[PDB]
Amino acid sequence: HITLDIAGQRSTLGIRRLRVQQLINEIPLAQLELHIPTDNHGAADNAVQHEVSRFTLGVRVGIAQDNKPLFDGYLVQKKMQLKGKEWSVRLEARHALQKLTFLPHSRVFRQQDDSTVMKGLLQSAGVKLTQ
Amino acid sequence: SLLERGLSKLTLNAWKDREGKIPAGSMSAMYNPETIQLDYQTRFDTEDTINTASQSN
């Protein structure tokens, strides 16, 4: 089935929506959507509070579909709604190319190839170029 | 009662404005209805507040 790993633990919750997006020149992403149950009280009413509090911004998030790796990215932008008795939370997770996108750097790159500029430029996050 | 036994029909008066300034025609209808019915109705909406202190609408 579909198993959401966050920070190494398999994190038994209930996903109502999962959508993994992957394009041709863009950072691939993955939206989750969970439901935190409120109407079933007792021991599993605060034990589900412990499982959502582990969703800090920037954690290893892994999705596995039919015992194959689906997404494997870091977490950004945890939104929660809480309308009425509903209390949903929405996750997003971005690839390792998210470490490259909002910090203005400056280099020069004299006497280098087209590939040696760029494979040393993706290497700052741990992304391994294949070419 | 208390004076006499003649019937009193219903009369349907008409105007044109909201007020009574401009009268249109006005008929009285024979053979009274046998039954009237006026239905009131008030619409309420339930508060789905998250705080769960109270139930109200």
When the charge dipole of chain A is computed with +1 on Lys and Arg Cβ and -1 on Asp and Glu Cβ about the Cα centre, the Cα farthest towards its positive end, among A:6, A:75, A:87, belongs to A:75
extent check for chain B: Cα max minus min per principal axis, descending, whole Å, gives 64, 34, 21
Computed for chain A: size of charge dipole around the Cα centre, +1 on C-beta of each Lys and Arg, -1 on C-beta of each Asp and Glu, debye to nearest 20, value 260
Any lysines whose Cα falls less than 16 Å from that of residue A:99, other than same-chain ones fewer than 8 residues away, would be A:119, A:128
Once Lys and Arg are counted +1 and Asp and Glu -1 for all other residues with Cβ under 11 Å from that of residue B:48, the total becomes -1
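Cβ atoms come from the backbone with ideal geometry, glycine included; neighbour counts cover every protein chain shown. We did not get these values from a lab; they are worked out from the coordinates using the rules stated.
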